[PDB]
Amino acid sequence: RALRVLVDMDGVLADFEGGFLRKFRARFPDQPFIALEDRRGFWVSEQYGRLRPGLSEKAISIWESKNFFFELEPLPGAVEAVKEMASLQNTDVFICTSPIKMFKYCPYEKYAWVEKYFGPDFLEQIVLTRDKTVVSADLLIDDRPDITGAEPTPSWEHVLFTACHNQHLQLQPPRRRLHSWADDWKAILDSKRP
């Protein structure tokens, strides 16, 4: 039997936080912003809303804009790590990502992004869903702390991928982290093998 690993896209493969900040500052130069070092909480618009009135609506307009997802930069070592992971024996890798509600560009751009960095053949490994608990696997590497859905008992072990917004979070045992792609991801996968 092959080990199945679900790899998240935003915050794990694609730099959503960095891309957001860069484009927000460029479009709203006279507005206050939040340095990544100061990001707290999964929801960007919520922390921006607390910064000053009207920043939430502006933040939202950034990711709803054409080319936001397509132009995100890969996280350091992400492409290299996933390519190697997918080539490993007895290992099936799927990119499991949740598209935003405004569907005009997001779904399309995510497929285009994967084609760009992983090639045409990797498109077969993409799973788009707003509920990752109904996708079965041994592991789910994702930066969102709370991953819930229709399935109360997911088959996967959620390994928290470190991001600016979750770096200070204390996890309840035996929950663990993958600190970055430079961290030992192979050791994590092996711990799940027969």
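One-based numbering along the sequence shown.
Novice: Mean C-alpha B factor from the entry: is it higher for 33 to 41 or for 144 to 152?
Specialist: According to the entry, 33 to 41 carries the higher average C-alpha B-factor.
Novice: Where do the C-alpha atoms have the higher mean temperature factor in this entry, in 156 to 164 or in 43 to 51?
Specialist: Stretch with the greater average CA B-factor: 43 to 51.
Novice: Where does the C-alpha B-factor of residue 56 rank in its chain, lowest, middle or highest third?
Specialist: Tercile = highest for this residue's CA B-factor.
Novice: Select lowest, middle or highest to describe the third in which the CA B-factor of residue 182 falls within its chain in this entry.
Specialist: It belongs to the middle third of the chain when residues are ordered by C-alpha B-factor.
Novice: Against its chain's modelled residues, does residue 169's Cα B factor rank lowest, middle or highest third?
Specialist: It belongs to the highest third of the chain when residues are ordered by C-alpha B-factor.
Novice: Hey, what third does residue 16 fall into on Cα B-factor, ranked over its chain?
Specialist: According to the entry, residue 16 has a C-alpha B-factor in the chain's lowest third.
Novice: Where does the C-alpha B-factor of residue 88 rank in its chain, lowest, middle or highest third?
Specialist: For residue 88, whose C-alpha B-factor we compare with every modelled residue in the chain, the answer is the highest third.
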